[PDB]
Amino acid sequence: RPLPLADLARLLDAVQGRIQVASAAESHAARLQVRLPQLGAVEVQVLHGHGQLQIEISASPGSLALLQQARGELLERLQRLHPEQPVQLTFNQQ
């Protein structure tokens, strides 16, 4: 299972905002809470390290299950979003 498009879309847009904040910031890290239309409130955290860019999504238990079912699609779109380094995608509970 793929995520609902409107959720993928908002998520991708959010992750990319955080990537930009984290580039130009001392902590090399950025985070934001996002409402996904059906998946609810989600936290996006990114950490910009030298051999990799780490992205962690934190969500409710059921939203999580949807993310994990869609982990392959999600990794792959996030990677194409940031071709400069390998992306490492992880999930967390709210």
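In this text, residue numbers run from 1 along the sequence as written.
Among all modelled residues in this chain, the alpha-carbon of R35 has a temperature factor (C-alpha) in the highest third. Looking at the C-alpha B-factors along this chain, the one for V21 belongs to the lowest third. For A14, the recorded CA B-factor ranks within the middle third of the chain. Only modelled residues enter the ranking.
When the modelled residues of the chain are ordered by their C-alpha B factor, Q88 lands in the lowest third.
When the modelled residues of the chain are ordered by their C-alpha B factor, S58 lands in the lowest third.
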